[PDB]
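Content type PDB, C-alpha atoms, from the file upload_1.pdb:
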```
MODEL        1
ATOM      1  CA  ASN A   1      90.009 -40.414  29.978  1.00  0.00           C
ATOM      2  CA  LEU A   2      87.882 -38.233  32.276  1.00  0.00           C
ATOM      3  CA  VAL A   3      90.957 -36.830  34.049  1.00  0.00           C
ATOM      4  CA  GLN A   4      92.156 -35.575  30.642  1.00  0.00           C
ATOM      5  CA  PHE A   5      88.700 -34.237  29.648  1.00  0.00           C
ATOM      6  CA  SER A   6      88.746 -32.143  32.844  1.00  0.00           C
ATOM      7  CA  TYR A   7      92.205 -30.769  31.773  1.00  0.00           C
ATOM      8  CA  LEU A   8      90.788 -29.863  28.298  1.00  0.00           C
ATOM      9  CA  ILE A   9      87.751 -28.121  29.752  1.00  0.00           C
ATOM     10  CA  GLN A  10      89.902 -26.009  32.067  1.00  0.00           C
ATOM     11  CA  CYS A  11      92.324 -25.285  29.184  1.00  0.00           C
ATOM     12  CA  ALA A  12      89.384 -24.148  26.973  1.00  0.00           C
ATOM     13  CA  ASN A  13      87.690 -21.985  29.636  1.00  0.00           C
ATOM     14  CA  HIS A  14      91.000 -20.590  31.050  1.00  0.00           C
ATOM     15  CA  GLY A  15      90.034 -21.903  34.570  1.00  0.00           C
ATOM     16  CA  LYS A  16      86.819 -19.899  34.767  1.00  0.00           C
ATOM     17  CA  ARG A  17      84.553 -22.603  36.210  1.00  0.00           C
ATOM     18  CA  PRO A  18      85.441 -25.921  37.906  1.00  0.00           C
ATOM     19  CA  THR A  19      84.864 -28.997  35.781  1.00  0.00           C
ATOM     20  CA  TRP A  20      82.405 -30.326  38.354  1.00  0.00           C
ATOM     21  CA  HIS A  21      79.981 -27.515  37.334  1.00  0.00           C
ATOM     22  CA  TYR A  22      79.409 -29.540  34.101  1.00  0.00           C
ATOM     23  CA  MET A  23      78.657 -32.798  35.852  1.00  0.00           C
ATOM     24  CA  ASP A  24      75.058 -32.225  36.932  1.00  0.00           C
ATOM     25  CA  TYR A  25      73.585 -29.668  34.460  1.00  0.00           C
ATOM     26  CA  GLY A  26      70.349 -29.923  32.376  1.00  0.00           C
ATOM     27  CA  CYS A  27      69.188 -33.340  31.088  1.00  0.00           C
ATOM     28  CA  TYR A  28      72.561 -34.462  29.625  1.00  0.00           C
ATOM     29  CA  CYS A  29      75.518 -32.883  31.397  1.00  0.00           C
ATOM     30  CA  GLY A  30      76.160 -35.753  33.776  1.00  0.00           C
ATOM     31  CA  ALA A  31      75.940 -39.547  33.590  1.00  0.00           C
ATOM     32  CA  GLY A  32      72.562 -40.087  31.918  1.00  0.00           C
ATOM     33  CA  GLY A  33      70.564 -38.335  29.323  1.00  0.00           C
ATOM     34  CA  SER A  34      67.258 -38.325  27.591  1.00  0.00           C
ATOM     35  CA  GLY A  35      64.617 -35.680  26.853  1.00  0.00           C
ATOM     36  CA  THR A  36      64.958 -32.365  25.059  1.00  0.00           C
ATOM     37  CA  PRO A  37      68.248 -30.588  25.920  1.00  0.00           C
ATOM     38  CA  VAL A  38      67.332 -27.560  28.042  1.00  0.00           C
ATOM     39  CA  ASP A  39      69.714 -24.959  26.372  1.00  0.00           C
ATOM     40  CA  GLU A  40      72.919 -24.620  24.183  1.00  0.00           C
ATOM     41  CA  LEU A  41      75.134 -25.994  27.003  1.00  0.00           C
ATOM     42  CA  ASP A  42      72.882 -29.037  27.444  1.00  0.00           C
ATOM     43  CA  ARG A  43      73.105 -29.648  23.668  1.00  0.00           C
ATOM     44  CA  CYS A  44      76.891 -29.755  23.957  1.00  0.00           C
ATOM     45  CA  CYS A  45      76.565 -32.511  26.525  1.00  0.00           C
ATOM     46  CA  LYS A  46      74.078 -34.492  24.372  1.00  0.00           C
ATOM     47  CA  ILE A  47      76.573 -34.434  21.481  1.00  0.00           C
ATOM     48  CA  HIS A  48      79.302 -35.534  23.849  1.00  0.00           C
ATOM     49  CA  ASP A  49      77.214 -38.480  25.153  1.00  0.00           C
ATOM     50  CA  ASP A  50      76.487 -39.586  21.529  1.00  0.00           C
ATOM     51  CA  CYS A  51      80.229 -39.246  20.805  1.00  0.00           C
ATOM     52  CA  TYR A  52      81.128 -41.530  23.820  1.00  0.00           C
ATOM     53  CA  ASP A  53      78.435 -44.093  22.898  1.00  0.00           C
ATOM     54  CA  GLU A  54      79.862 -44.254  19.333  1.00  0.00           C
ATOM     55  CA  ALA A  55      83.415 -44.644  20.790  1.00  0.00           C
ATOM     56  CA  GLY A  56      82.332 -47.560  23.048  1.00  0.00           C
ATOM     57  CA  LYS A  57      80.652 -49.283  20.080  1.00  0.00           C
ATOM     58  CA  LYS A  58      83.976 -48.847  18.157  1.00  0.00           C
ATOM     59  CA  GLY A  59      85.841 -50.655  20.964  1.00  0.00           C
ATOM     60  CA  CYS A  60      87.563 -47.441  22.087  1.00  0.00           C
ATOM     61  CA  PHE A  61      86.781 -47.346  25.891  1.00  0.00           C
ATOM     62  CA  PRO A  62      86.418 -43.476  26.061  1.00  0.00           C
ATOM     63  CA  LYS A  63      86.524 -43.497  29.870  1.00  0.00           C
ATOM     64  CA  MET A  64      89.534 -45.818  30.116  1.00  0.00           C
ATOM     65  CA  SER A  65      91.816 -44.600  27.310  1.00  0.00           C
ATOM     66  CA  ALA A  66      94.648 -42.072  27.939  1.00  0.00           C
ATOM     67  CA  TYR A  67      95.157 -39.978  24.801  1.00  0.00           C
ATOM     68  CA  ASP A  68      97.820 -37.426  23.736  1.00  0.00           C
ATOM     69  CA  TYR A  69      96.886 -33.734  23.780  1.00  0.00           C
ATOM     70  CA  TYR A  70      98.428 -30.284  24.256  1.00  0.00           C
ATOM     71  CA  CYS A  71      97.000 -27.183  25.904  1.00  0.00           C
ATOM     72  CA  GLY A  72      98.138 -24.201  23.899  1.00  0.00           C
ATOM     73  CA  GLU A  73      97.383 -20.527  24.283  1.00  0.00           C
ATOM     74  CA  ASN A  74      94.864 -21.342  21.498  1.00  0.00           C
ATOM     75  CA  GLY A  75      93.132 -23.796  23.867  1.00  0.00           C
ATOM     76  CA  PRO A  76      93.470 -27.546  23.740  1.00  0.00           C
ATOM     77  CA  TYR A  77      94.047 -29.947  20.885  1.00  0.00           C
ATOM     78  CA  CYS A  78      94.540 -33.617  20.105  1.00  0.00           C
ATOM     79  CA  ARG A  79      97.998 -35.070  19.239  1.00  0.00           C
ATOM     80  CA  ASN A  80      97.325 -38.752  18.309  1.00  0.00           C
ATOM     81  CA  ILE A  81      97.340 -39.747  14.667  1.00  0.00           C
ATOM     82  CA  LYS A  82      98.441 -43.395  14.341  1.00  0.00           C
ATOM     83  CA  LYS A  83      96.474 -44.540  17.450  1.00  0.00           C
ATOM     84  CA  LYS A  84      92.981 -44.030  15.970  1.00  0.00           C
ATOM     85  CA  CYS A  85      90.883 -45.002  19.004  1.00  0.00           C
ATOM     86  CA  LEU A  86      92.872 -42.528  21.123  1.00  0.00           C
ATOM     87  CA  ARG A  87      92.262 -39.793  18.478  1.00  0.00           C
ATOM     88  CA  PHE A  88      88.500 -40.438  18.211  1.00  0.00           C
ATOM     89  CA  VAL A  89      88.045 -40.180  22.022  1.00  0.00           C
ATOM     90  CA  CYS A  90      90.222 -37.086  22.278  1.00  0.00           C
ATOM     91  CA  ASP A  91      88.183 -35.424  19.462  1.00  0.00           C
ATOM     92  CA  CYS A  92      84.908 -35.996  21.447  1.00  0.00           C
ATOM     93  CA  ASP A  93      86.461 -34.316  24.495  1.00  0.00           C
ATOM     94  CA  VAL A  94      88.063 -31.353  22.619  1.00  0.00           C
ATOM     95  CA  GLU A  95      84.868 -30.517  20.784  1.00  0.00           C
ATOM     96  CA  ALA A  96      82.927 -30.616  24.089  1.00  0.00           C
ATOM     97  CA  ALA A  97      85.540 -28.517  25.918  1.00  0.00           C
ATOM     98  CA  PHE A  98      85.259 -25.748  23.285  1.00  0.00           C
ATOM     99  CA  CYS A  99      81.464 -26.104  23.264  1.00  0.00           C
ATOM    100  CA  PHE A 100      81.362 -25.724  27.070  1.00  0.00           C
ATOM    101  CA  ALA A 101      83.652 -22.713  26.953  1.00  0.00           C
ATOM    102  CA  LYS A 102      81.484 -20.954  24.312  1.00  0.00           C
ATOM    103  CA  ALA A 103      78.052 -21.809  25.735  1.00  0.00           C
ATOM    104  CA  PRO A 104      76.362 -19.582  28.325  1.00  0.00           C
ATOM    105  CA  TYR A 105      76.120 -21.249  31.771  1.00  0.00           C
ATOM    106  CA  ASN A 106      72.541 -20.820  33.068  1.00  0.00           C
ATOM    107  CA  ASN A 107      72.496 -21.338  36.849  1.00  0.00           C
ATOM    108  CA  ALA A 108      68.768 -22.183  36.751  1.00  0.00           C
ATOM    109  CA  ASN A 109      69.767 -25.335  34.844  1.00  0.00           C
ATOM    110  CA  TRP A 110      72.324 -26.613  37.350  1.00  0.00           C
ATOM    111  CA  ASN A 111      71.057 -29.677  39.283  1.00  0.00           C
ATOM    112  CA  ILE A 112      67.482 -29.706  37.961  1.00  0.00           C
ATOM    113  CA  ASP A 113      64.616 -32.131  38.630  1.00  0.00           C
ATOM    114  CA  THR A 114      65.518 -34.529  35.786  1.00  0.00           C
ATOM    115  CA  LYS A 115      62.430 -36.727  36.435  1.00  0.00           C
ATOM    116  CA  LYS A 116      60.062 -33.735  36.119  1.00  0.00           C
ATOM    117  CA  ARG A 117      61.980 -32.076  33.223  1.00  0.00           C
ATOM    118  CA  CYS A 118      63.657 -34.718  30.994  1.00  0.00           C
TER
ATOM    119  CA  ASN B   1      90.941   3.440  42.711  1.00  0.00           C
ATOM    120  CA  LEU B   2      89.229   1.485  39.917  1.00  0.00           C
ATOM    121  CA  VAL B   3      92.471  -0.289  38.961  1.00  0.00           C
ATOM    122  CA  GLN B   4      92.612  -1.624  42.542  1.00  0.00           C
ATOM    123  CA  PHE B   5      88.887  -2.540  42.606  1.00  0.00           C
ATOM    124  CA  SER B   6      89.501  -4.671  39.495  1.00  0.00           C
ATOM    125  CA  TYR B   7      92.393  -6.420  41.388  1.00  0.00           C
ATOM    126  CA  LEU B   8      90.046  -7.104  44.376  1.00  0.00           C
ATOM    127  CA  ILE B   9      87.297  -8.506  42.173  1.00  0.00           C
ATOM    128  CA  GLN B  10      89.706 -10.886  40.448  1.00  0.00           C
ATOM    129  CA  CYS B  11      91.217 -11.841  43.840  1.00  0.00           C
ATOM    130  CA  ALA B  12      87.701 -12.598  45.215  1.00  0.00           C
ATOM    131  CA  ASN B  13      86.500 -14.591  42.178  1.00  0.00           C
ATOM    132  CA  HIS B  14      89.877 -16.380  41.630  1.00  0.00           C
ATOM    133  CA  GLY B  15      89.995 -15.017  38.000  1.00  0.00           C
ATOM    134  CA  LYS B  16      86.725 -16.639  36.964  1.00  0.00           C
ATOM    135  CA  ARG B  17      85.227 -13.714  35.033  1.00  0.00           C
ATOM    136  CA  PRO B  18      86.893 -10.546  33.668  1.00  0.00           C
ATOM    137  CA  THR B  19      86.155  -7.392  35.622  1.00  0.00           C
ATOM    138  CA  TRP B  20      84.600  -5.827  32.530  1.00  0.00           C
ATOM    139  CA  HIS B  21      81.689  -8.324  32.860  1.00  0.00           C
ATOM    140  CA  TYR B  22      80.553  -6.199  35.871  1.00  0.00           C
ATOM    141  CA  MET B  23      80.651  -2.902  34.035  1.00  0.00           C
ATOM    142  CA  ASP B  24      77.403  -3.072  32.070  1.00  0.00           C
ATOM    143  CA  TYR B  25      75.065  -5.405  34.048  1.00  0.00           C
ATOM    144  CA  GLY B  26      71.459  -4.747  35.246  1.00  0.00           C
ATOM    145  CA  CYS B  27      70.411  -1.200  36.248  1.00  0.00           C
ATOM    146  CA  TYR B  28      73.409  -0.453  38.536  1.00  0.00           C
ATOM    147  CA  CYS B  29      76.515  -2.389  37.549  1.00  0.00           C
ATOM    148  CA  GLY B  30      78.068   0.352  35.454  1.00  0.00           C
ATOM    149  CA  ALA B  31      78.246   4.149  35.635  1.00  0.00           C
ATOM    150  CA  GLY B  32      74.641   5.100  36.402  1.00  0.00           C
ATOM    151  CA  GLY B  33      71.862   3.629  38.379  1.00  0.00           C
ATOM    152  CA  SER B  34      68.245   4.026  39.215  1.00  0.00           C
ATOM    153  CA  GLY B  35      65.217   1.715  39.219  1.00  0.00           C
ATOM    154  CA  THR B  36      64.706  -1.591  40.991  1.00  0.00           C
ATOM    155  CA  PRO B  37      67.880  -3.747  40.966  1.00  0.00           C
ATOM    156  CA  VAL B  38      67.189  -6.681  38.637  1.00  0.00           C
ATOM    157  CA  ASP B  39      68.752  -9.515  40.817  1.00  0.00           C
ATOM    158  CA  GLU B  40      71.236 -10.188  43.743  1.00  0.00           C
ATOM    159  CA  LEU B  41      74.237  -9.121  41.598  1.00  0.00           C
ATOM    160  CA  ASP B  42      72.538  -5.846  40.646  1.00  0.00           C
ATOM    161  CA  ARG B  43      71.864  -5.208  44.362  1.00  0.00           C
ATOM    162  CA  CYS B  44      75.585  -5.543  45.046  1.00  0.00           C
ATOM    163  CA  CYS B  45      76.242  -2.806  42.521  1.00  0.00           C
ATOM    164  CA  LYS B  46      73.535  -0.520  44.002  1.00  0.00           C
ATOM    165  CA  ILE B  47      75.191  -0.822  47.429  1.00  0.00           C
ATOM    166  CA  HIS B  48      78.540  -0.080  45.848  1.00  0.00           C
ATOM    167  CA  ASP B  49      77.205   3.068  44.102  1.00  0.00           C
ATOM    168  CA  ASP B  50      75.716   4.304  47.438  1.00  0.00           C
ATOM    169  CA  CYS B  51      79.086   3.545  49.083  1.00  0.00           C
ATOM    170  CA  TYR B  52      80.978   5.665  46.429  1.00  0.00           C
ATOM    171  CA  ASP B  53      78.453   8.535  46.676  1.00  0.00           C
ATOM    172  CA  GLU B  54      78.937   8.584  50.489  1.00  0.00           C
ATOM    173  CA  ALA B  55      82.764   8.540  49.987  1.00  0.00           C
ATOM    174  CA  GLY B  56      82.634  11.527  47.572  1.00  0.00           C
ATOM    175  CA  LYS B  57      80.466  13.476  50.042  1.00  0.00           C
ATOM    176  CA  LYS B  58      83.120  12.688  52.739  1.00  0.00           C
ATOM    177  CA  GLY B  59      85.833  14.227  50.524  1.00  0.00           C
ATOM    178  CA  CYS B  60      87.400  10.819  49.827  1.00  0.00           C
ATOM    179  CA  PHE B  61      87.603  10.758  45.948  1.00  0.00           C
ATOM    180  CA  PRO B  62      86.851   6.954  45.634  1.00  0.00           C
ATOM    181  CA  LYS B  63      87.922   6.906  41.977  1.00  0.00           C
ATOM    182  CA  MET B  64      91.144   8.860  42.538  1.00  0.00           C
ATOM    183  CA  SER B  65      92.482   7.429  45.813  1.00  0.00           C
ATOM    184  CA  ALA B  66      95.070   4.582  45.886  1.00  0.00           C
ATOM    185  CA  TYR B  67      94.520   2.491  49.018  1.00  0.00           C
ATOM    186  CA  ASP B  68      96.513  -0.335  50.686  1.00  0.00           C
ATOM    187  CA  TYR B  69      95.201  -3.896  50.351  1.00  0.00           C
ATOM    188  CA  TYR B  70      96.405  -7.507  50.230  1.00  0.00           C
ATOM    189  CA  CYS B  71      95.094 -10.447  48.227  1.00  0.00           C
ATOM    190  CA  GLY B  72      95.334 -13.510  50.411  1.00  0.00           C
ATOM    191  CA  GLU B  73      94.282 -17.078  49.793  1.00  0.00           C
ATOM    192  CA  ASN B  74      91.250 -15.936  51.860  1.00  0.00           C
ATOM    193  CA  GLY B  75      90.472 -13.334  49.165  1.00  0.00           C
ATOM    194  CA  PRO B  76      91.197  -9.647  49.430  1.00  0.00           C
ATOM    195  CA  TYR B  77      91.303  -7.286  52.373  1.00  0.00           C
ATOM    196  CA  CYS B  78      92.003  -3.686  53.308  1.00  0.00           C
ATOM    197  CA  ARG B  79      95.271  -2.629  55.045  1.00  0.00           C
ATOM    198  CA  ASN B  80      94.813   1.120  55.828  1.00  0.00           C
ATOM    199  CA  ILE B  81      94.018   2.160  59.369  1.00  0.00           C
ATOM    200  CA  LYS B  82      95.414   5.662  60.018  1.00  0.00           C
ATOM    201  CA  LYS B  83      94.446   6.979  56.530  1.00  0.00           C
ATOM    202  CA  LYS B  84      90.657   6.898  57.067  1.00  0.00           C
ATOM    203  CA  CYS B  85      89.525   8.060  53.615  1.00  0.00           C
ATOM    204  CA  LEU B  86      91.687   5.342  52.034  1.00  0.00           C
ATOM    205  CA  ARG B  87      90.114   2.735  54.396  1.00  0.00           C
ATOM    206  CA  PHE B  88      86.508   3.814  53.708  1.00  0.00           C
ATOM    207  CA  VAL B  89      87.009   3.553  49.904  1.00  0.00           C
ATOM    208  CA  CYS B  90      88.807   0.225  50.163  1.00  0.00           C
ATOM    209  CA  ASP B  91      85.943  -1.149  52.343  1.00  0.00           C
ATOM    210  CA  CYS B  92      83.367  -0.232  49.601  1.00  0.00           C
ATOM    211  CA  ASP B  93      85.438  -2.125  47.022  1.00  0.00           C
ATOM    212  CA  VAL B  94      86.159  -5.225  49.199  1.00  0.00           C
ATOM    213  CA  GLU B  95      82.529  -5.660  50.150  1.00  0.00           C
ATOM    214  CA  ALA B  96      81.515  -5.386  46.463  1.00  0.00           C
ATOM    215  CA  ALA B  97      84.246  -7.800  45.326  1.00  0.00           C
ATOM    216  CA  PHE B  98      82.988 -10.478  47.760  1.00  0.00           C
ATOM    217  CA  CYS B  99      79.379  -9.686  46.822  1.00  0.00           C
ATOM    218  CA  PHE B 100      80.204 -10.109  43.109  1.00  0.00           C
ATOM    219  CA  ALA B 101      82.026 -13.362  43.759  1.00  0.00           C
ATOM    220  CA  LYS B 102      79.071 -14.820  45.737  1.00  0.00           C
ATOM    221  CA  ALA B 103      76.234 -13.596  43.502  1.00  0.00           C
ATOM    222  CA  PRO B 104      75.012 -15.651  40.535  1.00  0.00           C
ATOM    223  CA  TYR B 105      75.846 -14.019  37.166  1.00  0.00           C
ATOM    224  CA  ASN B 106      72.689 -14.051  34.997  1.00  0.00           C
ATOM    225  CA  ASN B 107      73.665 -13.588  31.337  1.00  0.00           C
ATOM    226  CA  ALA B 108      70.158 -12.317  30.498  1.00  0.00           C
ATOM    227  CA  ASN B 109      70.997  -9.274  32.643  1.00  0.00           C
ATOM    228  CA  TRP B 110      74.236  -8.337  30.887  1.00  0.00           C
ATOM    229  CA  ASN B 111      73.863  -5.176  28.743  1.00  0.00           C
ATOM    230  CA  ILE B 112      70.098  -4.715  29.114  1.00  0.00           C
ATOM    231  CA  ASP B 113      67.795  -1.986  27.776  1.00  0.00           C
ATOM    232  CA  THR B 114      68.217   0.334  30.791  1.00  0.00           C
ATOM    233  CA  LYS B 115      65.669   2.864  29.412  1.00  0.00           C
ATOM    234  CA  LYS B 116      62.970   0.170  29.073  1.00  0.00           C
ATOM    235  CA  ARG B 117      63.885  -1.656  32.335  1.00  0.00           C
ATOM    236  CA  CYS B 118      65.235   0.808  34.956  1.00  0.00           C
TER
ENDMDL
END
```
Translate the structure of the given file into structure tokens.
Amino acid sequence: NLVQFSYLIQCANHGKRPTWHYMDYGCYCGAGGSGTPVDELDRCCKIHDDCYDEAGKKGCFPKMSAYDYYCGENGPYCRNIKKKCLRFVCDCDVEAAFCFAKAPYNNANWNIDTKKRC
Amino acid sequence: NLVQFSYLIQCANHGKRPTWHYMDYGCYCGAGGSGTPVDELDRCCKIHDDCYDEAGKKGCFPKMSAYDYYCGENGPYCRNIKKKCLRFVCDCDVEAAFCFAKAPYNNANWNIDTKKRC
């Protein structure tokens, strides 16, 4: 679920920005998304949206499902194996959390005019 | 001293970027400095350099002197009163640590071509 995704993000970035900083960025980091992704970070979010759409079409409820994970000193990882829907959702979130942590955060792309730019 | 300035910075930013990220940024964040400061963060560093130059001309050894400070939940602050050189140095560092924490960090301005741009 989204509570868990926030935990993964913070695990991956070592607590270096709040999760809410990723909730209204570019064309895709946030609820919607269409248009060309504005930078590497926005491309992470586009992948994540496509991952959640796939999960919902699989009957996995990515926003409702509580999955098993661990936050190591390596960063986070998924722990489900037998519960396949749980694993698929957790993999979307882990990949995005590492993507977010590696991508540069461009302040000019926080809270943009999505109508004019997307 | 610089060990203490690093503690203030991390206090002020809640551990959100490493101190070393402020050691080669723009024209002024780092050892030297001349030219027009490239952004708000670079202007913080220019002020800090001017503050250290003043302290050295006062006989305060800003890089050698260990001052008294506290890191609160409010962020950091200086504790010297009677030891005036200690207080002056600590004030340079505290002001810069809050300035750094408030300024936007523009990745395009990390490790620039100072010869071409300063």
- Apply the PyMOL selection byres ((chain A and resi 91-93) around 9) to the displayed file and report the matching residues as a list in words. residues 1, 2, 4, 5, 6, 8, 9, 47, 48, 49, 51, 52, 55, 62, 77, 78, 86, 87, 88, 89, 90, 94, 95, 96, 97 and 98 of chain A
- Interface list for chain A, partner chain B, 9 Å threshold, all atoms listed in the file, as number ranges by chain: A: 14-17, 104-107
- Query: Around (63.5, -37.2, 36.2) in the file's own coordinates, what residues are found within 10 Å if you use only C-alpha atoms, given back as a VMD selection string?
  - Reply: chain A and resid 27 33 to 35 112 to 118
- Task: Identify which of the residues B:43, B:31, B:79, B:85 lies closest to residue 61 in chain B, counting only C-alpha atoms when measuring atom-to-atom distances.
- Result: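 Smallest distance to residue 61 in chain B is found for B:85.
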- Message: Could you tell me how far CA of residue 40 in chain B sits from CA of residue 20 in chain B, in Å to one decimal place?
- Response: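 Distance between the two atoms: 18.0 Å.
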- Could you jot down the CA of residue 23 in chain A to CA of residue 42 in chain A separation for me, Å, one decimal place?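 CA of residue 42 in chain A lies 10.9 Å from CA of residue 23 in chain A.
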- Task: Could you please determine the separation between CA of residue 10 in chain A and CA of residue 84 in chain A in Å, to one decimal place?
- Result: 24.4 Å
- Query: Applied to the shown file, which residues does the PyMOL selection byres ((chain B and resi 26) around 8) return, written as an MDAnalysis selection string?
  - Reply: chainID B and resid 24:25 27:29 37:39 42 109:112 114
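For the residues A:21, A:32, A:11, A:3, ranking by smallest atom-to-atom distance to residue 53 in chain A using only C-alpha atoms places A:32 first.
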